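The block underneath contains the structure these notes are about, expressed in structure tokens.
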Amino acid sequence: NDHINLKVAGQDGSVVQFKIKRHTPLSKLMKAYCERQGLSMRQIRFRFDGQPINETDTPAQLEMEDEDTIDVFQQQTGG
Amino acid sequence: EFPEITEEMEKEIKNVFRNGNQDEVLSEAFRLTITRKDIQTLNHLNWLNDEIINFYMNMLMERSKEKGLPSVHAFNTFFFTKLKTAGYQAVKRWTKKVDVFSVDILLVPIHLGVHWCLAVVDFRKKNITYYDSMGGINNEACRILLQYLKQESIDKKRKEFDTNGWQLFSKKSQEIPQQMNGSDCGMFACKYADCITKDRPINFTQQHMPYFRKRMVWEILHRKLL
């Protein structure tokens, strides 16, 4: 059940490519994306097509195909 | 003339505020997650984080489809700006599997640096309206949205949008209520929308904000609006 490619784009405009088994949770990636290309974690959010992504979630069970892109934004606070 | 806050509520709420492991996951709905951290933003006069809004905007959307209420599709928070800054081509796919024209109202929660604000597409009224709780203007926001509609129409329905008759404007400083603190934007913004989605005219002022803060808490965890 082979690998697929995934683009993670920051709202600073930075694509970070990733290989992955299609059934594994996105915890592996989300924490790799924080460590490499250093970033908080408990201060961002991930969203495949405006749909939120929890660590639980897998690629297969989100219907992402190859080269599909994931959006990642800072946490947002305001008045 | 609003719901009372019972013994039950106070005791539950007060408990969730008292700090103790902010990672604790204490409400999972709409693929969203609400932690003690997320929920803390409602205490006293804190700054409403994104999670609380998205969640509330989801309940607002759920409480649509209720008989005799304008059907609402509410948007992501990160929507507005990702469009504003990166254009349509970016947010394009965000509305796959949802006809944005199937509903009566679209709900747009907006984050701008320091600020929470709201934009409301009302197909029935055929006008777009921006809502600052501090009466600040954003004529431009609407222009951007109307442009979205234009694009969306072509990308989904494969026809152009009927611009004709449509109004765009932000609401005056005294047309609606004003916030007297620095933190009650997301609070106005949320209650602003609630009020609307019920076709209810705006009732609430600053007065009712402390109460609405409490009440929102309950509404979140239990996933039910009052």
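Residues in the structure tokens are numbered from 1 in each chain, the chains being A, B, ... in the order shown, and ligands are numbered from 1 in the order shown.
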
Residues of chain A within 9 Å of chain B, only C-alpha atoms counted, as a ChimeraX atom specification | /A:11,13,42,48-54,73,75-79

Selection from above, N, CA and C atoms, as a PDB file, in the first residue's frame, can you write it?
ATOM      1  N   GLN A  11       1.919  29.836   5.690  1.00  0.00           N
ATOM      2  CA  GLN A  11       1.420  31.119   5.204  1.00  0.00           C
ATOM      3  C   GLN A  11       2.534  32.163   5.151  1.00  0.00           C
ATOM      4  N   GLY A  13       4.521  31.183   2.746  1.00  0.00           N
ATOM      5  CA  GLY A  13       4.725  30.721   1.378  1.00  0.00           C
ATOM      6  C   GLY A  13       5.902  29.781   1.238  1.00  0.00           C
ATOM      7  N   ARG A  42       1.954  23.469  19.596  1.00  0.00           N
ATOM      8  CA  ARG A  42       0.772  23.868  20.343  1.00  0.00           C
ATOM      9  C   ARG A  42       0.501  25.360  20.140  1.00  0.00           C
ATOM     10  N   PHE A  48      -6.121  20.413   5.600  1.00  0.00           N
ATOM     11  CA  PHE A  48      -6.238  19.931   4.222  1.00  0.00           C
ATOM     12  C   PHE A  48      -7.572  20.373   3.630  1.00  0.00           C
ATOM     13  N   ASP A  49      -7.518  21.422   2.810  1.00  0.00           N
ATOM     14  CA  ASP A  49      -8.696  22.015   2.175  1.00  0.00           C
ATOM     15  C   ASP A  49      -9.670  22.554   3.201  1.00  0.00           C
ATOM     16  N   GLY A  50      -9.159  23.341   4.143  1.00  0.00           N
ATOM     17  CA  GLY A  50      -9.993  23.998   5.166  1.00  0.00           C
ATOM     18  C   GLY A  50     -10.572  23.042   6.202  1.00  0.00           C
ATOM     19  N   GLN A  51     -10.559  21.748   5.866  1.00  0.00           N
ATOM     20  CA  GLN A  51     -10.864  20.668   6.797  1.00  0.00           C
ATOM     21  C   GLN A  51      -9.690  20.553   7.764  1.00  0.00           C
ATOM     22  N   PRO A  52      -9.964  20.584   9.084  1.00  0.00           N
ATOM     23  CA  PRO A  52      -8.921  20.362  10.088  1.00  0.00           C
ATOM     24  C   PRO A  52      -8.351  18.933  10.068  1.00  0.00           C
ATOM     25  N   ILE A  53      -7.109  18.801  10.534  1.00  0.00           N
ATOM     26  CA  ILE A  53      -6.412  17.519  10.582  1.00  0.00           C
ATOM     27  C   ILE A  53      -5.899  17.278  11.991  1.00  0.00           C
ATOM     28  N   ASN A  54      -6.376  16.214  12.623  1.00  0.00           N
ATOM     29  CA  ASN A  54      -5.865  15.812  13.927  1.00  0.00           C
ATOM     30  C   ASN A  54      -4.824  14.713  13.763  1.00  0.00           C
ATOM     31  N   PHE A  73      -1.229  27.233   9.496  1.00  0.00           N
ATOM     32  CA  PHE A  73      -1.347  28.628   9.889  1.00  0.00           C
ATOM     33  C   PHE A  73      -1.006  28.818  11.345  1.00  0.00           C
ATOM     34  N   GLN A  75      -1.740  30.466  15.113  1.00  0.00           N
ATOM     35  CA  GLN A  75      -2.922  30.140  15.900  1.00  0.00           C
ATOM     36  C   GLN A  75      -4.055  31.175  15.953  1.00  0.00           C
ATOM     37  N   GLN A  76      -3.750  32.455  15.744  1.00  0.00           N
ATOM     38  CA  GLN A  76      -4.777  33.518  15.729  1.00  0.00           C
ATOM     39  C   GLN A  76      -5.327  33.874  17.107  1.00  0.00           C
ATOM     40  N   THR A  77      -5.170  35.132  17.475  1.00  0.00           N
ATOM     41  CA  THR A  77      -5.849  35.665  18.638  1.00  0.00           C
ATOM     42  C   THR A  77      -6.225  37.105  18.332  1.00  0.00           C
ATOM     43  N   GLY A  78      -7.226  37.626  19.023  1.00  0.00           N
ATOM     44  CA  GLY A  78      -7.646  38.990  18.766  1.00  0.00           C
ATOM     45  C   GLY A  78      -8.569  39.529  19.825  1.00  0.00           C
ATOM     46  N   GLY A  79      -8.996  40.770  19.629  1.00  0.00           N
ATOM     47  CA  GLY A  79     -10.044  41.352  20.449  1.00  0.00           C
ATOM     48  C   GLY A  79     -11.374  40.723  20.081  1.00  0.00           C
TER      49      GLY A  79
END

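Atom to atom, CA of residue 34 in chain B and CA of residue 39 in chain A stand 21.2 Å apart.
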
Can you list, as a ChimeraX atom specification, every protein, DNA or RNA residue that comes within 6 Å of range 160-176 of chain B when you count only C-alpha atoms, leaving out same-chain residues fewer than 4 positions away?
-> /B:126-131,135,137-139,142,150,153-154

Long-range neighbours of residue 14 in chain A as JSON, numbers by chain, 12 Å cut-off, only C-alpha atoms, 4 positions minimum in chain | {"A": [7, 8, 9, 10, 33, 37, 69, 70, 71, 72, 73]}

Could you write out that same residue set with C-alpha atoms as an mmCIF file, in the first residue's frame?
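again15.cif written:
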data_model
loop_
_atom_site.group_PDB
_atom_site.id
_atom_site.type_symbol
_atom_site.label_atom_id
_atom_site.label_comp_id
_atom_site.auth_asym_id
_atom_site.auth_seq_id
_atom_site.Cartn_x
_atom_site.Cartn_y
_atom_site.Cartn_z
ATOM 1 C CA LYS A 7 3.232 19.461 0.225
ATOM 2 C CA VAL A 8 3.043 21.464 3.449
ATOM 3 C CA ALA A 9 2.740 25.193 2.778
ATOM 4 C CA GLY A 10 3.210 27.800 5.473
ATOM 5 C CA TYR A 33 7.523 19.569 10.238
ATOM 6 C CA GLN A 37 11.932 23.913 9.895
ATOM 7 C CA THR A 69 -1.058 20.140 -0.326
ATOM 8 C CA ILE A 70 -1.654 20.833 3.353
ATOM 9 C CA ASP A 71 -2.135 24.326 4.734
ATOM 10 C CA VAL A 72 -0.616 25.397 8.059
ATOM 11 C CA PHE A 73 -1.347 28.628 9.889
#

Going by DSSP on the backbone, which bits of chain A are strand (DSSP E)? Write them as a PyMOL selection string, please.
-> chain A and resi 3-10+14-21+44-48+51-52+68-74

In Å, how far is it from CA of residue 15 in chain B to CA of residue 209 in chain B?
-> 20.1 Å
